[PDB]
Amino acid sequence: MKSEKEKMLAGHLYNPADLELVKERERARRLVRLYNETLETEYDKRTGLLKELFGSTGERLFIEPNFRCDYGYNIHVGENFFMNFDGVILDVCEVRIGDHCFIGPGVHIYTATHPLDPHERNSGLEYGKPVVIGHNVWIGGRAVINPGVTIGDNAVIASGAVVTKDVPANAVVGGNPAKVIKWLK
Amino acid sequence: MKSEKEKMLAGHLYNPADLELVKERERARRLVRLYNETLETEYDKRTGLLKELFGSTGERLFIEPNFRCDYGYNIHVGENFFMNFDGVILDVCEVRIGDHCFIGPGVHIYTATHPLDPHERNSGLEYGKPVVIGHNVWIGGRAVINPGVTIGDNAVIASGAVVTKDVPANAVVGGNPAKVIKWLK
Amino acid sequence: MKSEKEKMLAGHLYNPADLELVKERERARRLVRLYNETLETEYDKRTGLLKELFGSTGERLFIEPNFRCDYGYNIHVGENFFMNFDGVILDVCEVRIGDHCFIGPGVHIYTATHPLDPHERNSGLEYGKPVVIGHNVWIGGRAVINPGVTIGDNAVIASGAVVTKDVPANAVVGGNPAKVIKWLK
């Protein structure tokens, strides 16, 4: 019989008050606290903390504080990852990001969600849907990436865009709900 | 013969530079500073601080740092209140929230506003309009709730929604300005 | 024969990893760290730190922590400047703001941008376009102001608005992409 963690990772309904999940969120918040307190010149300390926090990385990555996440271990980024100030990644399920990603400030990436149904939501059970972002993606500042979304290679998300569905490779999308506004290839 | 505080709470034009109001904002920011500095495992200290800061609460509530507000005492939340990372509540007038509220990260709830007219606005005088949120409401991350809005029981605010008008009970709204996208239950 | 800083300020492609630019960014973050750590009652220290950080100011200005910026010296504000909690100003190029500005919380002002082509963007070279904001402007909470935008005197930006083009004087804009929704006269 599946644990709440197994249920969470599998995209099934789970209880976030589970003791194992609580311990793991406290661990993520501890590492995030240490991260957000580092000085602007402590690059090596920052790299080390991020490689410890995330599930996987490439050689190089840089994130401006403040940063926020749920678990840490569900975040997998490619080479030369960059995220500007005040980002939030709710990584209840996997968040997999490709190489040479540029993410602007105040960007929120969500895998966490609730049942829409009033009665179901009030159970207090939640679930997640993974987010996949390809290579050479630019996510404009203040964008919102919703659970279950896949963004294709070379795509561009306009600043302030609320992305509610998959974004094709080589597309620029913007607005809310975001839609294709330009093709690059 | 009304004080600036009395005019503020009544929804009339008032001067925020008023000494009494300045002191109360200083007090809110002090409690918010103490709150934001608490460690991820300091649940009891957090509960205590929020109960001191807010006008009223139910038995249990939890907010992820960072949190910001203006006064504290104008915020009234129901049972099992949860607000995720980096929320802002500008509580110049009352913000009343029902039970079992789930609020995502980076959500802003405003009761503070200015005159549209330039001379009127440069008077420097401001005003407020209260916000009322019902029971079993889910406010998606990065939503904006404007002054004067009432959100009905069971409603869902999509991530990134900018809510400019009342939301019926059992409706799902999304967009900017938010509109009804479906009905529930 | 131009330095990366000279290309940056002139709106040309530049490399942010330039040693001079890195030094200058570290200075800005240092001063921003000192600013964000100030207590709610340290008004004089706050005023001094902002006049050090910014390119130019009027007599009086106040920003609620947290604040973020890239360089500081490209930010020029007019008399009686106010910015609420959790603002971000990416001042790769000049951000010039007039007198009596009220900026709500969580507002993002960008001058930094990337090429749309992924090979061109993957060069890692970036560029900037200045933002100009007139006098007596109200920027609603959670607005996003994109590079190259000019906002006219007495304009009002609705909360949550994503401003992708110039805003006429005496106009109210709202939405994403923002459009004029009311003329003030």
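Residue numbers begin at 1 in each chain, while the letters A, B, ... track the order of the sequences. Atom set for the values below is all heavy atoms of this structure, side chains included, hydrogens, waters and symmetry mates excluded.
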Distance in Å, A/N176 CG paired with B/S159 OG, rounded so as to fall on 0.5 Å steps: 7.5 Å

Going from CG on A/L116 to CG on B/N154, what distance comes out if it is rounded to the nearest 0.5 angstrom? 12.0 Å

Heavy-atom cut-off 4.5 Å, strictly under: side chain, backbone, both or neither for [X] against chain B?
X	value
A/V22	side chain
A/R33	side chain
A/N146	side chain
A/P115	backbone
A/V163	neither
A/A112	neither

Take atom [atom1] in [X]; do more than 12 heavy atoms of anything else shown fall under 6.0 Å from it?
X	atom1	value
B/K2	NZ	yes
A/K165	NZ	no
A/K5	NZ	yes
B/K182	NZ	no

Bottom line for B/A155: the part with an atom under 4.5 Å from chain A's heavy atoms is backbone

Find the one option among A/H119, A/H114, A/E26, A/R30 whose heavy-atom pairs under 4.5 Å with chain B are most numerous. A/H114

Proximal to chain B - members of residues 53-88 of chain A, heavy-atom separation under 4.5 Å: A/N66, A/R68, A/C69, A/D70, A/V88

Considering only heavy atoms, give the residues of residues 125-138 of chain A separated from chain B by less than 4.5 Å, sorted numerically, with 'none' for an empty result. A/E126

Shortest non-hydrogen contact between A/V162 and B/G160, atoms and distance: CG2-CA, 4.1 Å

